[PDB]
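Peer 1: Can you read through this structure? Questions will come right after.
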Amino acid sequence: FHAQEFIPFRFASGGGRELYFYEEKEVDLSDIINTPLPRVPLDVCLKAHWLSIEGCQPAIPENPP
Amino acid sequence: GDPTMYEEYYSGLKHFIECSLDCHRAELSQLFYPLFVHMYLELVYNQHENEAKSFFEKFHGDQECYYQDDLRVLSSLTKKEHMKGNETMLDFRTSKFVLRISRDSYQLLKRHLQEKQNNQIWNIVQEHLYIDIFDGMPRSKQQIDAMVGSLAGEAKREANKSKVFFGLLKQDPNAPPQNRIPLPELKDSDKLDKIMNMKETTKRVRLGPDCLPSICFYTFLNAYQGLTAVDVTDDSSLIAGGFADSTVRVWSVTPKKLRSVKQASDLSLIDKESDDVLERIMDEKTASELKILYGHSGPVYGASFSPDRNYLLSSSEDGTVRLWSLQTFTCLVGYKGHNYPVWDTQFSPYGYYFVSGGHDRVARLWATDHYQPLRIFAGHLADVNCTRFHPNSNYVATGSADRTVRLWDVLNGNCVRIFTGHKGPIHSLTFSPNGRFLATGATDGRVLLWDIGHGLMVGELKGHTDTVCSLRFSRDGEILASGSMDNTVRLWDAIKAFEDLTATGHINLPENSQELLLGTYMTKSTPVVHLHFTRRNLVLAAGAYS
Amino acid sequence: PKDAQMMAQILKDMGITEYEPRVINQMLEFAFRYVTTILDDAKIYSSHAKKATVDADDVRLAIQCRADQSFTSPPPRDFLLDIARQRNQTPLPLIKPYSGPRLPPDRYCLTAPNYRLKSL
Amino acid sequence: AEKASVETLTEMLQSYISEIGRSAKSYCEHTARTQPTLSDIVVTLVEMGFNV
Amino acid sequence: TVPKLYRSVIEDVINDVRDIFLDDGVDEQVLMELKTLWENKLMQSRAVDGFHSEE
Amino acid sequence: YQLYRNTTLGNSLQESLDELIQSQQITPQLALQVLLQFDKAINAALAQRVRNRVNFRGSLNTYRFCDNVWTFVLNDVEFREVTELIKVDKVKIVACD
Amino acid sequence: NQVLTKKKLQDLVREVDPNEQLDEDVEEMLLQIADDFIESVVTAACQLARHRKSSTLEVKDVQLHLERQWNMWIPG
Amino acid sequence: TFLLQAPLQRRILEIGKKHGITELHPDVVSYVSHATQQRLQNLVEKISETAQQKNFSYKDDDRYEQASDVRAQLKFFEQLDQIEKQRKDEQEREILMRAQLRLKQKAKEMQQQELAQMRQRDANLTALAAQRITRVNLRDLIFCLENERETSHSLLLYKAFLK
Amino acid sequence: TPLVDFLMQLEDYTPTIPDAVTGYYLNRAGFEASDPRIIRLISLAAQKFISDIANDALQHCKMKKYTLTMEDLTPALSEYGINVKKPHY
């Protein structure tokens with residue numbers, strides 16, 4: 001959608017349109033209400049670990065091995 | 001100047017250079033790239049679009065491999081009005097390629113151009129190309145490859161001959177002898193900081209090539225808003241995070257929660273004396289291990305602490321630099337000088353001035369007291385990606401996307417050094433604690449070590465694969481730590497790299513990369529965004545695990 | 001698709017190896033929005049010149065009158081170097097220096113009593 | 001309803017909450033404040049043509 | 001005979017502090033800014049005429 | 001004596017070091033060292049830069065002698081030096097030894 | 001050469017607010033607004049006259065550029 | 001605004017030399033004057049509704065409640081920077097000692113201390129001696145430029161950030 | 001003042017959009033949840049905008065009910081000055 005007057009929708013985005021090629025192109029309006037909403041994931045936290053102990057990389061689960 | 005025959009002028013000089021002897025052939029291959037672009041951009045500016053795309057497809061294939069991202073911006077440019085709004089090829093067409101060549105190879109070049117048989121490619125050379133001549137040996141091909149790659153490349157030696165005060169403040173003859181500004185109005189609380197700083201220096205280990213440091217990675221675990229900026233305070237006490245959801249988040253890493261100071265009603269009742277100085281004002285009702293700062297309308301790209309551990313700085317896509325207090329945990333000032341994304345900011349190491357570089361191809365010098373900047377560093381031809389202060393804060397290094405690093409004097413705003421030799425946009429700069437050296441990293445995975453009193457980039461570290469996004473030297477200067485998008489923290493010997501350190505502008509740098517490696521330290525799917533050195537010489541890194 | 005497979009070749013010619021699947025869908029949405037505002041203005045310019053066929057000069061007019069307003073650029077180098085030397089040689093007068101929390105004048109800062117409504 | 005008509009209208013809904021977010025923050029910070037009052041939104045909604 | 005003394009003193013002082021500015025790590029441009037800032041305030045006041053003000 | 005910083009000459013100078021205070025010469029250090037140089041220079045120039053003498057009269061209001069410096073304030077006082085005739089109804093006189 | 005005399009601009013403010021004093025940095029840019037705009041109206045209204053193959057600049061050329069690019073709609 | 005018809009008619013004709021528009025219609029020089037009026041009246045009304053945005057005092061009303069007064073953080077600055085000045089004075093009291101002979105030196109330095117301070121205070125004194133009229137600042141014009149789609153990314157707003 | 005008297009009655013009246021979702025898109029733009037009644041007015045002002053379009057697209061569907069289409073949203077937003085686009089892909 002393109003607004004020629006520009007004022008209700010300025011350069012803020014609406015996140016695009018969730019559309020597909022293999023979509024149904026018609027849904028029932030109570031199917032979208034009755035489905036459960038996805039879980040909001042965990043907020044960002046700061047954990048510290050050790051990449052190197054005096055030159056050697058430890059085999060902790062935060063490291064590749 | 002017939003356009004119809006630019007594929008006859010360029011292919012004639014291409015035939016002369018490749019038929020030369022091999023000592024002068026590697027040095028005369030430098031003017032393939034600027035003569036290809038200046039002939040192509042002059043075709044598309046005079047609206048010769050049909051015979052410009054045939055000039056491209058003939059001659060863009062015989063270019064160097066490190067120009068591949070430069071030619072694909074030129075393949076899009078076919079019209080005149082496409083180039084009239086690019087502003088990087090508009091400044092490339094008006095500037096002069098510097099093209100440092102030796103006098104032994106320039107005599108063969110001028111004996112092929114002063115004759116009237118060619119007489120038009122010589123006219124393009126003396127119109128669009130500078131030639132800076134040095135008296136010495138012609139450089140090798142793997143030495144020319146080390147110091148080229150920038151538009152307006154290989155700048156003149158007359159730019160790198162100004163006197164630079166690269167010494168530290170308080171003798172130091174190459175540094176302001178008596179002024180030695182020891183921080184604007186060094187306070188008793190700032191003098192109290194250096195008392196506990198030298199207690200940390202007592203436990204500081206000498207790193208060297210034997211006692212390799214321990215790296216403590218501070219990974220951001222969830223981070224589904226993209227982490228774009230990290231900074232750590234000088235004492236390892238706070239860690240800031242700039243994120244793509246337009247937030248700055250301060251974390252305390254010591255076991256001491258982040259407190260705001262009390263409100264003005266609570267401070268007005270605080271009685272005179274009876275201590276009541278720096279602990280009675282801290283509110284315990286507000287005490288978290290995490291404070292979120294809102295107010296940017298865009299992803300926060302720069303993050304910089306002040307050395308007194310107040311005054312967080314942040315810059316973002318919306319074109320503002322913001323000064324967050326760390327005593328009230330609110331925003332104080334919004335510095336609006338750019339209309340464009342400010343890619344980096346940093347406080348001075350004395351904490352009054354700060355420099356911010358943005359998409360508008362300048363870097364501004366601010367002072368936290370004026371709504372307008374003091375110095376505008378406006379010589380780059382692309383985005384100022386990085387902005388770093390010298391340890392004496394008289395000089396500002398600004399890396400950029402046109403593959404040049406430039407030192408700027410804070411007095412007079414003059415560019416005093418131009419460091420070229422990177423193949424991609426510079427994404428990290430750091431200074432040596434001596435002040436004599438400068439390490440720069442870019443998207444080519446190369447860490448180039450530059451001298452500052454000379455300006456010759458003596459060393460080259462080529463271990464990393466992807467964009468080197470974080471560099472730091474040790475607190476002693478013994479080790480340079482490099483972190484890239486290869487998810488590796490490489491450690492380089494920053495003493496054996498500067499052990500040797502003119503009249504020719506180069507030192508014939510070796511392939512010392514294998515000898516200078518001390519470790520590689522692959523990280524679990526985590527790009528190393530920040531590298532920090534604790535005052536007891538412990539490496540801190542922060543990554544946002546993907 | 002037809003026009004969506006050409007969009008994956010415009011990105012691959014620009015070296016963009018990795019991209020989201022919604023990137024192609026909204027560059028096509030911008031390319032459709034851009035051509036239905038050139039051609040919409042092209043028949044406005046054709047009706048101004050009173051011709052029943054929208055020919056190539058109408059699209060030449062509608063492109064360069066839309067590119068004069070929509071797609072701007074950063075300021076040029078001769079403009080940036082003039083405001084630099086006007087600023088780098090100007091002595092930037094003076095304000096109030098020592099003020100503990102050192103700051104601009106209070107009408108340029110974000111430090112006001114910052115009121116809110118009484119809950120009742 | 002049609003499927004493309006629901007993802008259209010919920011895109012105009014997200015773009016509408018994000019526009020009172022950016023503009024009422026801009027109107028309060030123009031008046032040197034950090035958090036917006038009622039008088040900053042009733043001028044924000046006027047500048048979007050809402051008839052509050 | 002007064003503007004003369006002032007010029008005389010300004011010249012002597014400026015010349016005599018040059019080395020100090022230099023020893024402190026300063027560009028000669030700053031010195032010239034000083035002279036300009038100095039000369040200008042008198043011209044703005046207009047308590048008497050000066051050679052610098054006329055320029 | 002940092003006495004002559006209260007002179008047109010001295011203030012114009014400081015206003016210069018204050019434009020540097022905000023842009024380059026942050027606080028004291030450089031600026032202070034320059035002022036120190038100024039003190040020596042102004043003092044030296046005054047004592048040996050020549051001079052011319054005269055004699056005159058006045059009416060008084062206040063006085064202040066401290067740190068060996070006299071500060072007077074005369075009212076309705078006219079002073080004449082050589083040919084020049086002058087009037088004044090309020091003059092402040094600061095005098096060092 | 002100046003087309004706006006800086007006093008009739010002050011009467012444009014007195015009609016809106018009998019109480020509105022502009023700044024000298026604002027009046028100097030309110031002139032530059034008119035300066036660049038008179039220039040930008042005629043420079044594209046006289047490509048419309050060249051479009052009609054007519055070298056006379058009738059009022060329909062100036063009126064068309066206001067309605068299509070500026071949305072002003074002042075009648076004849 | 002109602003632009004003056006005689007200097008405007010010379011103004012249109014000089015820009016017309018660059019395009020070949022040698023004469024102008026007699027209803028145009030009053031149409032551009034009506035077009036310049038509706039340009040500035042649309043801008044005078046726009047800066048008047050933001051010059052009255054600052055003249056709304058919340059503290060007279062008691063439907064509103066105060067939430068965060070940063071400015072009294074200024075009183076905290078007075079307590080702190082002034083406290084720092086007091087410690088600096090303590091440092092000066094330590095300088096006093098260094099600056100029979102010792103006793104004498106204290107008075108010698110006092111001579112060029114308080115008298116010099118008095119001279120400095122006189123220098124400050126001389127330096128110090130040296131209807132709702134809504135006023136539209138350049139901020140109110142800049143605020144109405146970055147919001148509209150035209151002149152949001154323009155060289156006239158970008159230069160206005162430095163004026 | 002009616003709108004001040006209206007907002008003081010919003011400690012109750014959960015609106016159609018939740019405040020965890022209206023407050024999410026406000027936090028995305030810097031607007032932080034100081035007062036929860038302030039969120040409910042913004043959630044009400046965004047409901048009324050969408051409801052006024054769906055009530056005017058119904059009048060353009062009765063002339064040609066029971067299905068909202070893009071050719072009903074096209075004349076409904078045309079008086080608003082908003083040209084809606086058909087995906088055509």
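For the structure tokens, the naming scheme is as follows: chains receive sequential letters (A, B, ...) according to their order of presentation, residues are indexed from 1 within each chain, and ligands are indexed from 1 in presentation order.
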Extract, using only C-alpha atoms, all DNA, RNA and protein residues at most 10 Å from residue 48 of chain G, discarding same-chain residues fewer than 4 positions from it, and format them as a PyMOL selection string.
Peer 2: (chain C and resi 45+48-49) or (chain G and resi 42-44+52-54+57+60-62+64-65)
Peer 1: Any chance you can output those residues with C-alpha atoms as a tab-separated table (two decimals), in the first residue's frame?
Peer 2:
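Saved file out39.tsv follows:
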```tsv
chain	number	residue	atom	x	y	z
C	45	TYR	CA	2.08	14.20	-18.56
C	48	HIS	CA	-0.90	17.59	-20.46
C	49	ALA	CA	0.68	17.34	-23.93
G	42	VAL	CA	9.55	29.03	-13.11
G	43	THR	CA	12.40	26.64	-13.97
G	44	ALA	CA	9.83	23.82	-14.26
G	52	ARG	CA	3.64	23.46	-25.70
G	53	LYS	CA	6.16	24.83	-28.28
G	54	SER	CA	5.22	28.30	-27.04
G	57	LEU	CA	4.80	31.77	-20.45
G	60	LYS	CA	-1.61	28.09	-17.25
G	61	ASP	CA	2.03	26.96	-17.16
G	62	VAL	CA	2.67	28.40	-13.69
G	64	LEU	CA	-0.06	23.59	-13.59
G	65	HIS	CA	3.24	23.31	-11.71
```
Peer 1: Could you make a table, as JSON lines, of the residues of chain C that have an atom within 12 Å of an atom of chain B, each with its nearest atom pair and distance in Å to one decimal, counting only C-alpha atoms, in chain and number order?
Peer 2:
```
{"residue": "C:10", "atom": "CA", "partner": "B:76", "partner_atom": "CA", "distance": 10.4}
{"residue": "C:11", "atom": "CA", "partner": "B:72", "partner_atom": "CA", "distance": 11.5}
{"residue": "C:12", "atom": "CA", "partner": "B:72", "partner_atom": "CA", "distance": 11.0}
{"residue": "C:13", "atom": "CA", "partner": "B:72", "partner_atom": "CA", "distance": 7.8}
{"residue": "C:14", "atom": "CA", "partner": "B:72", "partner_atom": "CA", "distance": 6.8}
{"residue": "C:15", "atom": "CA", "partner": "B:69", "partner_atom": "CA", "distance": 8.3}
{"residue": "C:16", "atom": "CA", "partner": "B:69", "partner_atom": "CA", "distance": 11.3}
{"residue": "C:63", "atom": "CA", "partner": "B:81", "partner_atom": "CA", "distance": 11.3}
{"residue": "C:64", "atom": "CA", "partner": "B:81", "partner_atom": "CA", "distance": 9.4}
{"residue": "C:67", "atom": "CA", "partner": "B:81", "partner_atom": "CA", "distance": 9.7}
{"residue": "C:68", "atom": "CA", "partner": "B:85", "partner_atom": "CA", "distance": 10.7}
{"residue": "C:71", "atom": "CA", "partner": "B:85", "partner_atom": "CA", "distance": 8.9}
{"residue": "C:72", "atom": "CA", "partner": "B:85", "partner_atom": "CA", "distance": 7.6}
{"residue": "C:73", "atom": "CA", "partner": "B:85", "partner_atom": "CA", "distance": 6.0}
{"residue": "C:74", "atom": "CA", "partner": "B:360", "partner_atom": "CA", "distance": 6.3}
{"residue": "C:75", "atom": "CA", "partner": "B:360", "partner_atom": "CA", "distance": 7.6}
{"residue": "C:76", "atom": "CA", "partner": "B:87", "partner_atom": "CA", "distance": 6.3}
{"residue": "C:77", "atom": "CA", "partner": "B:91", "partner_atom": "CA", "distance": 6.8}
{"residue": "C:78", "atom": "CA", "partner": "B:91", "partner_atom": "CA", "distance": 9.2}
{"residue": "C:79", "atom": "CA", "partner": "B:378", "partner_atom": "CA", "distance": 10.6}
{"residue": "C:80", "atom": "CA", "partner": "B:378", "partner_atom": "CA", "distance": 7.0}
{"residue": "C:81", "atom": "CA", "partner": "B:378", "partner_atom": "CA", "distance": 6.8}
{"residue": "C:82", "atom": "CA", "partner": "B:378", "partner_atom": "CA", "distance": 10.0}
{"residue": "C:83", "atom": "CA", "partner": "B:376", "partner_atom": "CA", "distance": 9.0}
{"residue": "C:84", "atom": "CA", "partner": "B:376", "partner_atom": "CA", "distance": 6.0}
{"residue": "C:85", "atom": "CA", "partner": "B:376", "partner_atom": "CA", "distance": 8.7}
{"residue": "C:86", "atom": "CA", "partner": "B:376", "partner_atom": "CA", "distance": 10.1}
{"residue": "C:87", "atom": "CA", "partner": "B:375", "partner_atom": "CA", "distance": 7.3}
{"residue": "C:88", "atom": "CA", "partner": "B:375", "partner_atom": "CA", "distance": 5.8}
{"residue": "C:89", "atom": "CA", "partner": "B:412", "partner_atom": "CA", "distance": 7.5}
{"residue": "C:90", "atom": "CA", "partner": "B:374", "partner_atom": "CA", "distance": 9.2}
{"residue": "C:91", "atom": "CA", "partner": "B:374", "partner_atom": "CA", "distance": 8.7}
{"residue": "C:92", "atom": "CA", "partner": "B:374", "partner_atom": "CA", "distance": 7.1}
{"residue": "C:93", "atom": "CA", "partner": "B:374", "partner_atom": "CA", "distance": 10.5}
{"residue": "C:94", "atom": "CA", "partner": "B:370", "partner_atom": "CA", "distance": 9.0}
{"residue": "C:95", "atom": "CA", "partner": "B:370", "partner_atom": "CA", "distance": 7.8}
{"residue": "C:96", "atom": "CA", "partner": "B:369", "partner_atom": "CA", "distance": 8.1}
{"residue": "C:97", "atom": "CA", "partner": "B:369", "partner_atom": "CA", "distance": 7.2}
{"residue": "C:98", "atom": "CA", "partner": "B:185", "partner_atom": "CA", "distance": 9.3}
{"residue": "C:99", "atom": "CA", "partner": "B:369", "partner_atom": "CA", "distance": 9.2}
{"residue": "C:100", "atom": "CA", "partner": "B:185", "partner_atom": "CA", "distance": 10.5}
{"residue": "C:101", "atom": "CA", "partner": "B:369", "partner_atom": "CA", "distance": 9.0}
{"residue": "C:102", "atom": "CA", "partner": "B:369", "partner_atom": "CA", "distance": 5.5}
{"residue": "C:103", "atom": "CA", "partner": "B:369", "partner_atom": "CA", "distance": 4.2}
{"residue": "C:104", "atom": "CA", "partner": "B:369", "partner_atom": "CA", "distance": 4.9}
{"residue": "C:105", "atom": "CA", "partner": "B:370", "partner_atom": "CA", "distance": 8.1}
{"residue": "C:106", "atom": "CA", "partner": "B:333", "partner_atom": "CA", "distance": 9.9}
{"residue": "C:107", "atom": "CA", "partner": "B:371", "partner_atom": "CA", "distance": 10.3}
{"residue": "C:108", "atom": "CA", "partner": "B:371", "partner_atom": "CA", "distance": 6.8}
{"residue": "C:109", "atom": "CA", "partner": "B:333", "partner_atom": "CA", "distance": 5.2}
{"residue": "C:110", "atom": "CA", "partner": "B:332", "partner_atom": "CA", "distance": 5.7}
{"residue": "C:111", "atom": "CA", "partner": "B:332", "partner_atom": "CA", "distance": 6.5}
{"residue": "C:112", "atom": "CA", "partner": "B:332", "partner_atom": "CA", "distance": 10.2}
{"residue": "C:113", "atom": "CA", "partner": "B:264", "partner_atom": "CA", "distance": 11.1}
```
Peer 1: Please identify every residue of chain A that has at least one atom no farther than 10 Å from an atom of chain I, counting only C-alpha atoms, and for each give the shortest atom pair and the distance in Å to one decimal, arranged by chain then increasing number, as a tab-separated table.
Peer 2:
```
residue	atom	partner	partner_atom	distance
A:1	CA	I:84	CA	4.0
A:2	CA	I:83	CA	5.2
A:3	CA	I:82	CA	4.1
A:4	CA	I:82	CA	5.9
A:5	CA	I:81	CA	5.9
A:6	CA	I:82	CA	8.3
A:7	CA	I:81	CA	9.7
A:8	CA	I:82	CA	9.1
A:9	CA	I:82	CA	9.5
A:12	CA	I:29	CA	9.4
A:17	CA	I:87	CA	9.7
A:19	CA	I:87	CA	9.6
A:20	CA	I:89	CA	9.8
A:21	CA	I:89	CA	8.5
```
Peer 1: Tell me as a PDB file with N, CA, C and O atoms, in the first residue's frame which residues belonging to chain H come within 9 Å of chain F, counting only C-alpha atoms.
Peer 2:
```
ATOM      1  N   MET H 110      51.331  35.670  49.868  1.00  0.00           N
ATOM      2  CA  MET H 110      50.001  36.263  50.164  1.00  0.00           C
ATOM      3  C   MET H 110      49.899  37.622  49.469  1.00  0.00           C
ATOM      4  O   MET H 110      48.799  37.941  48.988  1.00  0.00           O
ATOM      5  N   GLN H 111      51.004  38.376  49.414  1.00  0.00           N
ATOM      6  CA  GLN H 111      51.012  39.718  48.771  1.00  0.00           C
ATOM      7  C   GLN H 111      50.509  39.618  47.327  1.00  0.00           C
ATOM      8  O   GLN H 111      49.691  40.468  46.930  1.00  0.00           O
ATOM      9  N   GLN H 112      50.977  38.615  46.580  1.00  0.00           N
ATOM     10  CA  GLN H 112      50.558  38.448  45.164  1.00  0.00           C
ATOM     11  C   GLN H 112      49.430  37.413  45.077  1.00  0.00           C
ATOM     12  O   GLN H 112      49.241  36.847  43.984  1.00  0.00           O
ATOM     13  N   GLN H 113      48.722  37.167  46.183  1.00  0.00           N
ATOM     14  CA  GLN H 113      47.560  36.238  46.150  1.00  0.00           C
ATOM     15  C   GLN H 113      46.265  37.047  46.272  1.00  0.00           C
ATOM     16  O   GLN H 113      45.630  37.262  45.234  1.00  0.00           O
ATOM     17  N   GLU H 114      45.889  37.478  47.483  1.00  0.00           N
ATOM     18  CA  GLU H 114      44.584  38.183  47.641  1.00  0.00           C
ATOM     19  C   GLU H 114      44.489  39.453  46.783  1.00  0.00           C
ATOM     20  O   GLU H 114      43.380  39.725  46.292  1.00  0.00           O
ATOM     21  N   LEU H 115      45.571  40.225  46.643  1.00  0.00           N
ATOM     22  CA  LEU H 115      45.500  41.460  45.811  1.00  0.00           C
ATOM     23  C   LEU H 115      45.171  41.062  44.366  1.00  0.00           C
ATOM     24  O   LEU H 115      44.286  41.702  43.749  1.00  0.00           O
ATOM     25  N   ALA H 116      45.828  40.008  43.876  1.00  0.00           N
ATOM     26  CA  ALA H 116      45.608  39.482  42.508  1.00  0.00           C
ATOM     27  C   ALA H 116      44.161  38.990  42.391  1.00  0.00           C
ATOM     28  O   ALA H 116      43.534  39.244  41.345  1.00  0.00           O
ATOM     29  N   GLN H 117      43.655  38.331  43.439  1.00  0.00           N
ATOM     30  CA  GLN H 117      42.260  37.812  43.444  1.00  0.00           C
ATOM     31  C   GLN H 117      41.291  38.993  43.336  1.00  0.00           C
ATOM     32  O   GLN H 117      40.318  38.889  42.566  1.00  0.00           O
ATOM     33  N   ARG H 119      41.932  41.903  41.994  1.00  0.00           N
ATOM     34  CA  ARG H 119      42.058  42.433  40.609  1.00  0.00           C
ATOM     35  C   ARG H 119      41.207  41.572  39.667  1.00  0.00           C
ATOM     36  O   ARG H 119      40.493  42.148  38.816  1.00  0.00           O
ATOM     37  N   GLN H 120      41.252  40.248  39.851  1.00  0.00           N
ATOM     38  CA  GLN H 120      40.470  39.301  39.010  1.00  0.00           C
ATOM     39  C   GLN H 120      38.974  39.570  39.205  1.00  0.00           C
ATOM     40  O   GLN H 120      38.243  39.583  38.198  1.00  0.00           O
ATOM     41  N   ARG H 121      38.552  39.804  40.452  1.00  0.00           N
ATOM     42  CA  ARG H 121      37.124  40.089  40.759  1.00  0.00           C
ATOM     43  C   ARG H 121      36.713  41.389  40.060  1.00  0.00           C
ATOM     44  O   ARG H 121      35.610  41.424  39.478  1.00  0.00           O
ATOM     45  N   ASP H 122      37.599  42.388  40.049  1.00  0.00           N
ATOM     46  CA  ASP H 122      37.308  43.652  39.320  1.00  0.00           C
ATOM     47  C   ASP H 122      37.180  43.344  37.824  1.00  0.00           C
ATOM     48  O   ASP H 122      36.282  43.912  37.193  1.00  0.00           O
ATOM     49  N   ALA H 123      38.029  42.456  37.292  1.00  0.00           N
ATOM     50  CA  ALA H 123      37.956  42.076  35.860  1.00  0.00           C
ATOM     51  C   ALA H 123      36.605  41.419  35.567  1.00  0.00           C
ATOM     52  O   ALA H 123      36.030  41.711  34.505  1.00  0.00           O
ATOM     53  N   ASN H 124      36.129  40.560  36.470  1.00  0.00           N
ATOM     54  CA  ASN H 124      34.795  39.934  36.290  1.00  0.00           C
ATOM     55  C   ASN H 124      33.734  41.036  36.314  1.00  0.00           C
ATOM     56  O   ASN H 124      32.875  41.029  35.427  1.00  0.00           O
ATOM     57  N   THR H 126      33.891  44.180  35.552  1.00  0.00           N
ATOM     58  CA  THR H 126      33.933  45.002  34.312  1.00  0.00           C
ATOM     59  C   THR H 126      33.328  44.193  33.158  1.00  0.00           C
ATOM     60  O   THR H 126      32.548  44.773  32.377  1.00  0.00           O
ATOM     61  N   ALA H 127      33.647  42.896  33.089  1.00  0.00           N
ATOM     62  CA  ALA H 127      33.113  42.020  32.020  1.00  0.00           C
ATOM     63  C   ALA H 127      31.586  41.950  32.136  1.00  0.00           C
ATOM     64  O   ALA H 127      30.907  42.052  31.094  1.00  0.00           O
TER      65      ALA H 127
END
```
Peer 1: Any idea what the distance is between atom CA of residue 401 of chain B and atom CA of residue 154 of chain B?
Peer 2: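 If I compute the distance from atom CA of residue 401 of chain B to atom CA of residue 154 of chain B, I get 15.4 Å.
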Peer 1: From chain A, collect each residue whose DSSP state is strand (DSSP E or B) and return the set as a PDB file with N, CA, C and O atoms, in the first residue's frame.
Peer 2:
```pdb
ATOM      1  N   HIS A   2       0.464   2.248  -0.755  1.00  0.00           N
ATOM      2  CA  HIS A   2       1.231   3.475  -0.903  1.00  0.00           C
ATOM      3  C   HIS A   2       0.325   4.661  -0.620  1.00  0.00           C
ATOM      4  O   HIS A   2      -0.699   4.833  -1.288  1.00  0.00           O
ATOM      5  N   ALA A   3       0.693   5.470   0.367  1.00  0.00           N
ATOM      6  CA  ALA A   3      -0.093   6.624   0.780  1.00  0.00           C
ATOM      7  C   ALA A   3       0.471   7.877   0.116  1.00  0.00           C
ATOM      8  O   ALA A   3       1.583   8.311   0.437  1.00  0.00           O
ATOM      9  N   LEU A  46      23.263 -11.837  30.107  1.00  0.00           N
ATOM     10  CA  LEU A  46      24.708 -11.809  29.926  1.00  0.00           C
ATOM     11  C   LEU A  46      25.341 -12.893  30.786  1.00  0.00           C
ATOM     12  O   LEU A  46      25.401 -12.761  32.011  1.00  0.00           O
ATOM     13  N   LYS A  47      25.813 -13.953  30.143  1.00  0.00           N
ATOM     14  CA  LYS A  47      26.546 -15.015  30.815  1.00  0.00           C
ATOM     15  C   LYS A  47      28.004 -14.981  30.383  1.00  0.00           C
ATOM     16  O   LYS A  47      28.308 -14.724  29.213  1.00  0.00           O
ATOM     17  N   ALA A  48      28.903 -15.237  31.325  1.00  0.00           N
ATOM     18  CA  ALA A  48      30.328 -15.255  31.055  1.00  0.00           C
ATOM     19  C   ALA A  48      30.875 -16.670  31.199  1.00  0.00           C
ATOM     20  O   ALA A  48      30.394 -17.462  32.014  1.00  0.00           O
ATOM     21  N   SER A  52      39.708 -19.332  26.960  1.00  0.00           N
ATOM     22  CA  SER A  52      41.080 -19.790  27.092  1.00  0.00           C
ATOM     23  C   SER A  52      41.521 -19.659  28.536  1.00  0.00           C
ATOM     24  O   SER A  52      41.283 -18.631  29.174  1.00  0.00           O
ATOM     25  N   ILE A  53      42.138 -20.714  29.053  1.00  0.00           N
ATOM     26  CA  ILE A  53      42.783 -20.706  30.355  1.00  0.00           C
ATOM     27  C   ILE A  53      44.280 -20.821  30.085  1.00  0.00           C
ATOM     28  O   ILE A  53      44.757 -21.896  29.706  1.00  0.00           O
ATOM     29  N   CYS A  56      45.082 -22.516  26.801  1.00  0.00           N
ATOM     30  CA  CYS A  56      44.373 -23.745  26.469  1.00  0.00           C
ATOM     31  C   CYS A  56      42.874 -23.520  26.525  1.00  0.00           C
ATOM     32  O   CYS A  56      42.363 -22.882  27.451  1.00  0.00           O
TER      33      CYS A  56
END
```
Peer 1: Show me, as a list in words, the residues that have an atom within 9 Å of residue 52 of chain E when counting only C-alpha atoms, minus same-chain residues fewer than 6 positions from it.
Peer 2: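 Skipping anything fewer than 6 positions along the chain leaves residues 36, 39, 40 and 43 of chain E.
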